[PDB]
Amino acid sequence: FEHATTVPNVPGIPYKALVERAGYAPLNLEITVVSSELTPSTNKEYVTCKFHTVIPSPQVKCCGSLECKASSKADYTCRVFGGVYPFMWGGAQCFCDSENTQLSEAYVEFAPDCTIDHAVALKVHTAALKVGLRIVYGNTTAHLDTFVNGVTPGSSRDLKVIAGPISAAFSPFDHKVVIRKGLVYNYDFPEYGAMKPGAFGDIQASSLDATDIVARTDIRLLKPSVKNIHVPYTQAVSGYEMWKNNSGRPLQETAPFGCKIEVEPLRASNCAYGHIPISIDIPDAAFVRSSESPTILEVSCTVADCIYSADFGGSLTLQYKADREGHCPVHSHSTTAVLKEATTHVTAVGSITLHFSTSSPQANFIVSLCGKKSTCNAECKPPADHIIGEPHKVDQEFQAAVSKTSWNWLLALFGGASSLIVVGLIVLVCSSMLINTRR
Amino acid sequence: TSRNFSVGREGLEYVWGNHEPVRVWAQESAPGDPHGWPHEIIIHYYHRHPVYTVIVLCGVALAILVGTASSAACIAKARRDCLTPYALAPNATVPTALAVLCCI
């Protein structure tokens, strides 16, 4: 049936729980996040790359005038120069020594190799998280993908899971991102049409084959100072090249929570952040009544050497007596200690050794076998290894982060102070009311 | 050459050259002992969260001991308030056990 539990959003770290129905045998269930994806909504503003400045074949009028026209070409510049007398290899090209105007044009296009080297400007909106979950309850394992919002019934063959809302809202993407050759950057780019010379986004198009390009590259057409035909001009540097020199570090190296950044589509995968509430409806064919599960009559917990570590640094043995054989489950009922196994085979008499992980200096948790509880008591030493290649399987709680010896010392001192103050107050009141009694 | 980096409970990742990334996590392997002696306990917890132990544990325990001074003040008040009645009853008797200390 229904089981409401909160799972930490950490990929690869199993979460174990026990569902205890009032008439059935306890059932083990394990919820693990295998993969997560955080994809936002994106909208392309434009593409940008290095521009190519095209200087056409200049126009020359020998004994007349020319005028500048209008064009739709990106950053189209035009200028008329009179008093011209150009030359080629053959010699002079006009029959008037003066009044021989020349027309200079300039505009920009996309370079031949921009089909590979280009950047896309995107605006990102609300990011939605999707996780892949492995759920094992009893003898069956189930894999499914669910949306962490709180409404969508996550895919569930012979099951039903609802995840969400996520306990925190996190996105590695700012409102504006750029993507170049698979790398992602948080960059505040100019709006479409708001181009500035020498900065990123100085040439803008919807597509690379688009016929309408807008640009602003600060082209200046100068008067020719030589006798051979020449179109002198000066221009600003490529904003795309300047940005490629000042792009900074990508989002694949700066994203928090260990997110892996991927493109097509833009997404952050395998982030570790927050907690995910999950509601699961277990099928009733997965429950067995207590009349079929073994019923042990006693159980004792002995704790071997333990350390509070990121790995299974502890061990314990359960000594039991069951009336028959079977396949009971096991479970630790503390938030600071987790078992490695989930089920075990029990017989008439025997022992089972279990391994655990804790974050607490003291191991005072409760373990169940066939649903019967026993108390484990020991103290765990600090680990010797400083660094490991695993994450910590449990969280650190202030109560179960102080040793019992330290709690005893602190409580002794605080209680001694409180008892001294209480003795003082009782003496004050008593030896004052003695005045009332005596007269 | 060599480079130093800090890693906590949440972990750290480093990528060297064209190699795959490598992740490492830190444990609570501080010097001292949580189960030993008060000086060993304090050394251990001063390396695991130095701010918490000095302030909300050892500073308050110190101020807690100063609060016992107010307890002695009540004793001193209940001592003088009971000993300020000294001589107002002629033709009376006093206990012998207290007659040696009542005069002084």
# chains A, B, ... in the order shown; residues from 1 in each chain; ligands from 1
call {"tool": "closest_atom_pairs", "arguments": {"of": "chain A", "to": "chain B", "cutoff": "9 Å", "atoms": "only C-alpha atoms", "output": "tab-separated table"}}
result
residue	atom	partner	partner_atom	distance
A:257	CA	B:10	CA	8.6
A:258	CA	B:13	CA	8.1
A:308	CA	B:28	CA	7.6
A:309	CA	B:27	CA	6.3
A:310	CA	B:27	CA	6.9
A:359	CA	B:28	CA	8.7
A:361	CA	B:34	CA	7.0
A:379	CA	B:35	CA	7.7
A:380	CA	B:35	CA	8.7
A:381	CA	B:33	CA	7.5
A:382	CA	B:29	CA	5.4
A:383	CA	B:29	CA	5.1
A:384	CA	B:29	CA	5.9
A:385	CA	B:29	CA	6.8
A:386	CA	B:27	CA	5.6
A:387	CA	B:26	CA	4.8
A:388	CA	B:25	CA	5.5
A:389	CA	B:24	CA	4.7
A:390	CA	B:25	CA	6.4
A:391	CA	B:25	CA	6.2
A:392	CA	B:9	CA	7.5
A:402	CA	B:34	CA	7.8
A:403	CA	B:34	CA	6.0
A:404	CA	B:35	CA	7.7
A:405	CA	B:35	CA	5.8
A:406	CA	B:41	CA	7.0
A:409	CA	B:38	CA	8.0
A:410	CA	B:61	CA	7.8
A:413	CA	B:61	CA	7.3
A:414	CA	B:64	CA	6.8
A:416	CA	B:65	CA	8.9
A:417	CA	B:68	CA	6.0
A:418	CA	B:68	CA	8.3
A:420	CA	B:71	CA	6.2
A:421	CA	B:71	CA	5.0
A:422	CA	B:71	CA	8.0
A:423	CA	B:71	CA	7.6
A:424	CA	B:71	CA	4.8
A:425	CA	B:74	CA	6.8
A:427	CA	B:75	CA	6.9
A:428	CA	B:78	CA	5.5
A:429	CA	B:78	CA	8.6
A:430	CA	B:78	CA	8.9
A:431	CA	B:78	CA	6.0
A:432	CA	B:78	CA	7.1
A:434	CA	B:82	CA	8.9
A:435	CA	B:82	CA	8.1
call {"tool": "write_last_selection", "arguments": {"atoms": "N, CA and C atoms", "output": "CSV table (one decimal), in the first residue's frame"}}
result
chain,number,residue,atom,x,y,z
A,257,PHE,N,27.3,21.3,-6.7
A,257,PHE,CA,26.7,20.1,-6.3
A,257,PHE,C,27.1,18.9,-7.3
A,258,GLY,N,28.3,19.1,-7.8
A,258,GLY,CA,28.9,18.0,-8.7
A,258,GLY,C,28.0,17.7,-9.9
A,308,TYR,N,33.3,5.4,12.7
A,308,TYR,CA,32.4,6.3,12.0
A,308,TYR,C,33.1,6.7,10.7
A,309,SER,N,32.7,6.2,9.6
A,309,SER,CA,33.4,6.3,8.3
A,309,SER,C,32.4,6.4,7.2
A,310,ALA,N,32.9,6.8,6.0
A,310,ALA,CA,32.0,6.8,4.9
A,310,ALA,C,31.7,5.4,4.3
A,359,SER,N,27.8,7.6,11.4
A,359,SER,CA,28.5,8.9,11.5
A,359,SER,C,28.7,9.3,12.9
A,361,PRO,N,30.0,8.7,17.0
A,361,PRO,CA,31.0,8.0,17.8
A,361,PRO,C,30.4,6.9,18.6
A,379,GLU,N,30.9,1.8,21.3
A,379,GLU,CA,31.4,3.1,20.9
A,379,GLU,C,32.4,2.9,19.8
A,380,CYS,N,32.3,3.8,18.8
A,380,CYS,CA,33.1,3.7,17.6
A,380,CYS,C,34.2,4.7,17.6
A,381,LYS,N,35.4,4.2,17.3
A,381,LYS,CA,36.6,5.1,17.3
A,381,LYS,C,36.6,5.9,16.0
A,382,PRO,N,37.3,7.1,16.0
A,382,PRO,CA,37.5,7.8,14.8
A,382,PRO,C,38.3,7.0,13.8
A,383,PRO,N,38.0,7.2,12.5
A,383,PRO,CA,38.7,6.4,11.4
A,383,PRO,C,40.2,6.9,11.4
A,384,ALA,N,41.0,6.0,10.8
A,384,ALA,CA,42.4,6.3,10.6
A,384,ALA,C,42.6,6.9,9.2
A,385,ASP,N,42.0,6.4,8.2
A,385,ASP,CA,42.1,7.0,6.9
A,385,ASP,C,41.5,8.4,6.8
A,386,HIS,N,42.2,9.3,6.2
A,386,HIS,CA,41.7,10.7,6.1
A,386,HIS,C,40.8,10.9,4.9
A,387,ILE,N,41.1,10.3,3.7
A,387,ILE,CA,40.5,10.5,2.5
A,387,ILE,C,40.0,9.1,1.9
A,388,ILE,N,38.8,9.1,1.4
A,388,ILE,CA,38.3,7.9,0.7
A,388,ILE,C,37.7,8.3,-0.6
A,389,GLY,N,37.3,7.3,-1.4
A,389,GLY,CA,36.7,7.5,-2.7
A,389,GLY,C,35.2,7.2,-2.7
A,390,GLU,N,34.6,7.3,-1.6
A,390,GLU,CA,33.1,7.1,-1.5
A,390,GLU,C,32.5,8.3,-0.8
A,391,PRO,N,31.2,8.5,-1.1
A,391,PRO,CA,30.4,9.5,-0.3
A,391,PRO,C,29.9,8.9,1.0
A,392,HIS,N,29.6,9.7,2.0
A,392,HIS,CA,29.1,9.3,3.3
A,392,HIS,C,27.6,8.8,3.1
A,402,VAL,N,28.0,13.8,19.3
A,402,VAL,CA,28.6,14.0,20.5
A,402,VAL,C,28.6,12.6,21.2
A,403,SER,N,29.8,12.2,21.8
A,403,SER,CA,29.9,10.9,22.4
A,403,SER,C,29.2,10.9,23.7
A,404,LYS,N,28.9,9.7,24.2
A,404,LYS,CA,28.2,9.6,25.5
A,404,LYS,C,29.1,10.0,26.6
A,405,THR,N,30.4,9.8,26.5
A,405,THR,CA,31.3,10.3,27.6
A,405,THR,C,31.2,11.8,27.7
A,406,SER,N,31.3,12.5,26.5
A,406,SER,CA,31.2,14.0,26.5
A,406,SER,C,29.8,14.5,27.0
A,409,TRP,N,29.9,14.2,30.7
A,409,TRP,CA,30.7,15.3,31.3
A,409,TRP,C,29.9,16.6,31.3
A,410,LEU,N,29.3,16.9,30.2
A,410,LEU,CA,28.5,18.2,30.0
A,410,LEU,C,27.3,18.2,30.9
A,413,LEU,N,28.4,18.7,34.6
A,413,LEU,CA,28.7,20.0,34.9
A,413,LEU,C,27.5,20.9,35.0
A,414,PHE,N,26.6,20.9,34.0
A,414,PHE,CA,25.4,21.7,33.9
A,414,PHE,C,24.5,21.3,35.1
A,416,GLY,N,25.4,20.0,38.0
A,416,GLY,CA,26.0,20.5,39.2
A,416,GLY,C,25.7,22.0,39.4
A,417,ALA,N,25.9,22.8,38.4
A,417,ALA,CA,25.5,24.2,38.5
A,417,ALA,C,24.0,24.4,38.8
A,418,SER,N,23.2,23.6,38.2
A,418,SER,CA,21.7,23.8,38.4
A,418,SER,C,21.4,23.4,39.9
A,420,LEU,N,23.5,23.4,42.4
A,420,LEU,CA,24.0,24.4,43.3
A,420,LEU,C,23.0,25.6,43.4
A,421,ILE,N,22.5,26.1,42.3
A,421,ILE,CA,21.6,27.2,42.3
A,421,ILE,C,20.3,26.8,43.0
A,422,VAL,N,19.8,25.6,42.8
A,422,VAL,CA,18.6,25.1,43.5
A,422,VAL,C,18.8,25.0,45.0
A,423,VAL,N,19.9,24.5,45.4
A,423,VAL,CA,20.3,24.5,46.8
A,423,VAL,C,20.3,25.9,47.4
A,424,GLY,N,20.9,26.8,46.7
A,424,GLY,CA,20.9,28.2,47.1
A,424,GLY,C,19.5,28.8,47.3
A,425,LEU,N,18.7,28.6,46.3
A,425,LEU,CA,17.3,29.1,46.3
A,425,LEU,C,16.5,28.5,47.4
A,427,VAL,N,17.7,27.2,50.2
A,427,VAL,CA,18.2,27.7,51.4
A,427,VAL,C,17.7,29.1,51.7
A,428,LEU,N,17.7,30.0,50.7
A,428,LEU,CA,17.1,31.3,50.8
A,428,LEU,C,15.7,31.3,51.3
A,429,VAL,N,14.8,30.5,50.6
A,429,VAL,CA,13.4,30.4,50.9
A,429,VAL,C,13.2,29.8,52.3
A,430,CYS,N,13.9,28.7,52.6
A,430,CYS,CA,13.7,28.0,53.9
A,430,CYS,C,14.2,28.9,55.1
A,431,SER,N,15.4,29.5,55.0
A,431,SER,CA,15.9,30.3,56.1
A,431,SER,C,15.3,31.7,56.1
A,432,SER,N,14.5,32.0,55.1
A,432,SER,CA,13.6,33.2,55.2
A,432,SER,C,12.3,32.9,55.9
A,434,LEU,N,11.8,30.7,57.9
A,434,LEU,CA,12.1,30.5,59.4
A,434,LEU,C,11.8,31.7,60.1
A,435,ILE,N,12.1,32.9,59.5
A,435,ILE,CA,11.7,34.2,60.2
A,435,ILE,C,10.2,34.3,60.4
call {"tool": "atom_distance", "arguments": {"atom1": "CA of residue 328 (chain A)", "atom2": "CA of residue 365 (chain A)"}}
result
19.2 Å
call {"tool": "residues_around", "arguments": {"residues": "residue 86 (chain B)", "least_positions_apart": "3", "cutoff": "12 Å", "atoms": "only C-alpha atoms", "output": "ChimeraX atom specification"}}
result
/B:80-83,89-90,94,99,101-104
call {"tool": "select_by_dssp", "arguments": {"residues": "region 187-241 of chain A", "states": "strand (DSSP E)", "output": "ChimeraX atom specification"}}
result
/A:203-204,214-215,220-221,233-234
call {"tool": "closest_residue", "arguments": {"among": "A:53, A:353, A:9, A:334", "to": "residue 304 (chain A)", "atoms": "only C-alpha atoms"}}
result
A:353
call {"tool": "atom_distance", "arguments": {"atom1": "CA of residue 223 (chain A)", "atom2": "CA of residue 81 (chain A)"}}
result
6.7 Å
call {"tool": "closest_residue", "arguments": {"among": "A:41, A:57, A:238, A:28", "to": "residue 140 (chain A)", "atoms": "only C-alpha atoms"}}
result
A:28
call {"tool": "atom_distance", "arguments": {"atom1": "CA of residue 52 (chain B)", "atom2": "CA of residue 360 (chain A)"}}
result
16.9 Å
